[PDB]
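As a plain string of letters, each chain reads:
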Amino acid sequence: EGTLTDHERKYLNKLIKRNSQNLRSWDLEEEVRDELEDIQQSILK
Amino acid sequence: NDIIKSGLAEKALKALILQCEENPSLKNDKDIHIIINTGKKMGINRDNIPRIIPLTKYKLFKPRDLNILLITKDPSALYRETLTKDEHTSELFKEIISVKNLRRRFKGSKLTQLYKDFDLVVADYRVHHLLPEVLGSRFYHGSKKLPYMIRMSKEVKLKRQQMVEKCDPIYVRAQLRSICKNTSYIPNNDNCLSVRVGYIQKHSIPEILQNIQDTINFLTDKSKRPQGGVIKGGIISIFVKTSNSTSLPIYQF
Amino acid sequence: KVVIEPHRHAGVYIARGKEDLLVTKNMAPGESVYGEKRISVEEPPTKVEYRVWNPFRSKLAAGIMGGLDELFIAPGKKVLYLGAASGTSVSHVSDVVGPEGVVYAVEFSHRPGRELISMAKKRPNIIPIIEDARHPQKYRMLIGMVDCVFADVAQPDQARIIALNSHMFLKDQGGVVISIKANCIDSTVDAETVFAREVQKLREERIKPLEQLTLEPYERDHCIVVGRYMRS
Amino acid sequence: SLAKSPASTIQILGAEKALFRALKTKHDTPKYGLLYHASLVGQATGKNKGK
Amino acid sequence: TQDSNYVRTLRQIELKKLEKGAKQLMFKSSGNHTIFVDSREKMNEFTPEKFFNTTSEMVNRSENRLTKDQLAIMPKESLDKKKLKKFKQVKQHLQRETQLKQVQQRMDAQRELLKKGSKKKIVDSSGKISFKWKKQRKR
RNA sequence: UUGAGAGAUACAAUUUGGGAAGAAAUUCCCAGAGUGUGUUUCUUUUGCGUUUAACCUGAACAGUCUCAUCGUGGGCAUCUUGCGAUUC
RNA sequence: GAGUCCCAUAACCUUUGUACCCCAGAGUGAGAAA
RNA sequence: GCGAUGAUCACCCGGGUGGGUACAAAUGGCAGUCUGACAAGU
């Protein structure tokens, strides 16, 4: 119903950080992301 | 740069220089070496291949000063001809000789005379492994006149293909300037190591100190490997000496 | 163990872990329709089988990887699949819709059809309507409304096919999803120009485009256009 | 699937073990497979069975 | 002949391993995602986060973009290195297959020389050596 | 040193939206744009000169006989030191 | 030109499901309980 | 109200992992379907 308090809007926006933070571990790191692109293009080609 | 700041290095060098004038036995001693005590064994087998330490601030020598011998691949006609005619390298060498000619002409006592005449020996990198048998023992102990590898031309080799034989006078001149102006060292499988840093009556005490830090910086910096960064684990101590004088400490851990 | 997790579009899951693959819950456990690898994980615990969705085989799966904002295919909806060559993609569409939803798979060529019929036996929610799509009036009986229309037909006059099918069976504000191959329509001009014309054609057929997505690297010169059917 | 197979495979359909052992070890390969029990092959004799 | 049989059998094995591997692997999409808006003003005021209703970091993940609503024990690095290892293994398979293809090709080129016919060697300026047969119908 | 257009990239100034922290100003993180300069890729406009260019094809290797394959001997370690490939 | 004849109608490994097991083996041989 | 007709002799948090024995299934793995223009007679 869109009756959020700021505290309500804050506790949820902590959850957004909590769950998004968790998926970063799966999403993998940027340095390896760089090298892994180089490997892919070779095998796709 | 701490070693330059410490007065111990300055005070030792003054004593070392002062002795050389007073003592007759050290009269023929002209070069100043530093003896380095590396904490741990280097682990590098002595290959008799000099490694150059760039001394940025100051220049130890110039090509014109020294008697330079060049040992080239057989036949030496191409290399001798191109070097002699070109203006830059016309006067750069005392003599130009091939390996086979060097073996035939100089034997026995003649090798000893060759050692005295020439102050610097350089050779084509291809023939370097042959030189120890030809030059004899006298050249290859003590490290005073170890032959230096030089590359005649910038051409590189590819597997299953043949080297094109060329001679670039400017490149040959370019490398030789680096050898004489910069100091050099040879690895060995122990703590000890000796590097030349200065020349008596040519370099002032502050100049010699600067070269010492340049040598230490290059040898300790891991980023300079494989040429540099060979002294891993720090330096227990450093000494300064001439050929026949005693080792005077200049840095202790 | 592999951590199977939800995805934006309901009925789709990603088997996150050492291997990260798009997967769909299997309508018929214990078999793979085209030999795809199958993953089962226990949840409170009961094991549930999932099938791997290979993007290189199904253009729709390539659509998910591209990250389509909106999919009109979802659990509990009716879907009309035009150009259903076999169960390579129809089986996965059958999974997402779930037992409540139904899939109308339309095909013309005889030989792939017998493959489709054999697959339809394992999936009750798939109504195989092997028929020529250019004449929807033939198979009007077997199809009711459809919430979304997915089209993979590789034809130059495909836009006509979607208009004819959309007018008859598609709900108002209903769904249309199209997979486009530039080379079939016009090989002379670049792929982007061909996509521009197709979008314009759909607009004339009372279909508003919402999204366009090129499918590289999975396919070359292919894109998926998603629009909403406004009859008004 | 059998129809989409060439004639050579149909010749040696039933002797993969001997065939695929032979290929990897650089030896001669079988020549009858499952067809050896066909009536026509039985009528042949000597090297004609392979032909 | 036996050599060509042996080299091929290895190549076919390598291809089959590769296609099995690639099915395991997932490949990030790299393609344009055009959005359509009816009004010019909507175009100017467009923002990815508002359209997708996601946090800005979360917008860039194409495969699984989740609305803010949905958002509401192995070390990560070792996992990341292991992902990298699997990609390398499939890539190594491709290199082995391509190497085997070249070896099998040149051996067949040699086998053709053995077979009956009349041939002339042609050598290109680059130095590549090939054989052109005479236009004689096989009896 | 012609004109115009599109794209990528580096830099400088400056701006849009989401989130957190702050009474607000303000602080941080994320995503992004357009402006000026420099570089670069492509598309085409115009001025000048020029009418051919490339490849293939007919009975187009082979008396100083040519070529393939398996072997044998010797040279190049001052290096073509030789890949189920073609070192002489 | 070419090994059916070492059961590819098969063997081995892995996963799942089911049913049992976590003691000795030529088992031991006078204790147990209070 | 005993007995030679036979006494005695893995892990973790009531729950979960580990190992072992018999059978069944797998469109799970090993695992990849031979060569390719001459041959026979007078």
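Determination of this PDB entry was carried out by cryo-EM to a resolution of 3.65 Å, according to the record.

Per the PDB entry, chain D is named Nucleolar protein 58, and its organism is Saccharomyces cerevisiae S288C. This entry carries the title "SSU processome maturation and disassembly, State C".

Per the PDB entry, the recorded name for chain C is rRNA 2'-O-methyltransferase fibrillarin, and the organism is Saccharomyces cerevisiae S288C. Under the heading Subunit, UniProt records this for chain C: "Component of box C/D small nucleolar ribonucleoprotein (snoRNP) particles that contain SNU13, NOP1, SIK1/NOP56 and NOP58, plus a guide RNA. Interacts with snoRNA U3. Interacts with MPP10, NOP58, SIK1 and SOF1. Component of the ribosomal small subunit (SSU) processome composed of at least 40 protein subunits and snoRNA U3." Taken directly from UniProt, the Subcellular location text for chain C runs: "Nucleus, Nucleolus".

A. Seen up close, the nonpolar core. B:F93 and B:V122 are the most contacted members of the largest nonpolar core, which has 51 residues in total. Of all the elements, helix α8 (residues 205–220) of chain B adds the most residues to this core, at seven residues. Domain assignment of the residues forming this core places at least three in each of domain 1 (7–61 + 183–252) and domain 2 (62–182) of chain B. Excluding residues within four positions of it along the chain, B:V122 makes contact with B:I68, B:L69, B:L70, B:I71, B:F93, B:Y148, B:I150, B:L176 and B:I179. Counting 45 residues, the second-largest nonpolar core is a separate cluster that includes C:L22, C:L116, C:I126 and C:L215.

B. Spatial organisation of the packing of aromatic side chains. Under the defined criterion, the tally for this structure stands at eleven aromatic pairs over all chains. Plain terms: the ring middles of E:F27 and E:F87 are 5.9 Å apart, the flat faces sit at 45° to each other, and that makes the pair tilted. We note that E:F27, like E:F87, is buried. An angle of 80° between the planes, with centres 5.3 Å apart, marks the rings of E:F51 and E:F52 as edge-to-face. Looking at E:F52, the relative accessible area reads 7%, which means it is buried. Cluster of aromatic residues (ring-pair linked, three or more members): C:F56, C:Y218, E:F27 and E:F87. The ring centre of B:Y171 lies 5.2 Å from the NZ or CZ of B:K154, which sits over that ring. When the ring centre of E:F52 is taken as reference, the NZ or CZ atom of E:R65 above it lies at 4.4 Å.

C. Quick look at the protein's contact with RNA strand F. Taken together, 32 residues lie around RNA strand F, and B:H129, B:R160, D:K26, E:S56 and E:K119 are the ones closest in. Sugar plus phosphate, as a fraction of atoms of RNA strand F within 4 Å of the protein: 51%. At a separation of 3.4 Å, a sugar or linking oxygen of RNA strand F approaches a polar side-chain atom of E:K68. At 2.9 Å from a phosphate oxygen of RNA strand F is found a side-chain nitrogen or oxygen belonging to E:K120. Going through the elements one at a time, α1 (2–24), α4 (56–59), α6 (76–114), β2 (119–123) and β3 (129–133) of chain E are the ones with two or more residues in the surface near RNA strand F. The element contributing the most residues to the surface near RNA strand F is α6(E), with five residues. Across the surface near RNA strand F, the residue classes break down as eight nonpolar, eight polar and 16 charged.

D. Spatial organisation of the sheet that holds strand β6 (residues 148–150) of chain B. All names here are of chain B. In spatial order, the strands read β4-β3-β5-β6; together these four strands make up an open sheet with parallel pairing. The sheet terminates laterally at β4 (95–98) and β6, the two strands that pair on one side only. This sheet shows a mean twist of 30° between the axes of neighbouring strands, independent of strand direction. As paired strands, strand β5 (residues 120–124) and β6 are joined by three bridges and run parallel to one another. Considered in β6, the bridge of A123 is made with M149. Each of β5 and β6 touches helix α7 (residues 169–181); the most contacted strand, β6, lies at about 155° to it.

E. Examining the sheet that holds strand β9 (residues 146–151) of chain C more closely. Across the sheet, eight strands lie side by side as β8(C)-β7(C)-β6(C)-β9(C)-β10(C)-β12(C)-β11(C)-β1(E); this open sheet has mixed pairing. At either margin of the open sheet sits one strand with a lone partner, and together these are β8 (126–130) of chain C together with β1 (33–35) of chain E. Each strand axis lies, on average, 20° off the axis of its neighbour in the sheet, ignoring direction. As defined by bridge partners, strand β10 (residues 170–181) of chain C adjoins strand β12 (residues 222–229) of chain C across eight bridges and the pair is classed as antiparallel. From the neighbouring strand, C:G175 faces β12(C), where its bridge partner is C:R228. Strand contacts of helix α1 (residues 59–66) of chain C: β9, β10, β11 (207–214) and β12 of chain C together with β1 of chain E, with the helix running at about 85° to β12(C), the strand carrying the most contacts. Strands in contact with helix α6 (residues 191–204) of chain C are β10, β11 and β12 of chain C; relative to β11(C), the strand with the most contacts, it is inclined by about 160°.

F. Highlighting the interface of chain A and chain E. Opposite the 19 residues of chain A that make contact, chain E presents 16 residues. When contributions to the side of chain A that touches chain E are tallied by element, the ones reaching two or more residues are α1 (6–27) and α2 (30–44) of chain A. A per-class count over the side of chain A that touches chain E returns nine nonpolar, five polar and five charged.

G. Broad picture of the side chain of C:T214. Its location among the elements puts C:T214 in strand β11. Within the structure, C:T214 has its side chain in polar contact with the backbone nitrogen of E:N32 (distance 3.0 Å). Once residues lying within four places of it in the same chain are set aside, the contact partners of C:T214 are C:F195, C:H222, C:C223, E:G31 and E:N32.

H. Expanded view of a nonpolar patch on the surface. A surface patch of nonpolar side chains, amounting to about 430 Å² of accessible area, comprises D:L2, D:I10, D:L13, D:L34 and D:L35. When you line up the elements, D:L35 lands in the loop between α2 (16–24) and α3 (39–43).

I. Examining the protein's contact with RNA strand G more closely. Residue and element names in this part refer to chain D. What surrounds RNA strand G is a group of 13 residues, the closest being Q11, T29, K31, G50 and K51. Put simply, 45% of the atoms of RNA strand G that lie within 4 Å of the protein are in sugar or phosphate. Contact distances for RNA strand G include 3.2 Å between a phosphate oxygen and a side-chain N or O atom of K17. Contact distances for RNA strand G include 2.9 Å between a phosphate oxygen and a side-chain N or O atom of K31. Per-element tally for the surface near RNA strand G: the top contributor is α2, with four residues. Per-class residue counts for the surface near RNA strand G are four nonpolar, three polar and six charged.

Rules used throughout
- Residues numbered from 1 in each chain as written, not as in the entry; some residues may be left out.
- Chains lettered and ligands numbered in written order.
- Part of a larger assembly, values for the part shown.
- Heavy atoms only, no water.
- Residues with missing side-chain atoms left out of burial classes, pairs and counts.
- UniProt positions renumbered as here; feature names shortened; annotations may be inferred.
- Core = buried A, V, L, I, M, F, W, Y, C linked by side-chain atoms within 4.5 Å.
- Buried < 20%, exposed > 50% of the residue type's maximum accessible area, 1.4 Å probe, protein only.
- Helix = DSSP H or I, 4+ residues; strand = E, 2+ residues; numbered from the N terminus.
- Domains from an automatic or database assignment.
- Contact = heavy atoms within 4.5 Å.
- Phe/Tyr/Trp six-rings, centres within 6.5 Å; stacked < 30°, edge-to-face > 60°.
- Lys NZ or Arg CZ within 6 Å of the ring centre and 35° of its normal.
- Near = heavy atom within 4 Å.
- Polar contact = N/O pair within 3.5 Å; in protein donor to acceptor, adjacent residues only side chain to side chain.
- Nonpolar A, V, L, I, M, F, W, Y, C, P; charged D, E, K, R; others polar.
- Pairing = 2+ DSSP bridges.
- Axes fitted to C-alpha atoms, helices over the stretch in contact; angles between N-to-C directions.
- Patch = residues over 30% accessible without salt bridge, like charges linked within 9 Å, V, L, I, M, F, W, Y side chains within 5 Å.
- Areas by Shrake-Rupley, 256 points an atom, 1.4 Å probe, with all protein chains shown as cover.
- Salt bridge = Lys/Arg side-chain N within 4 Å of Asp/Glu carboxyl O.

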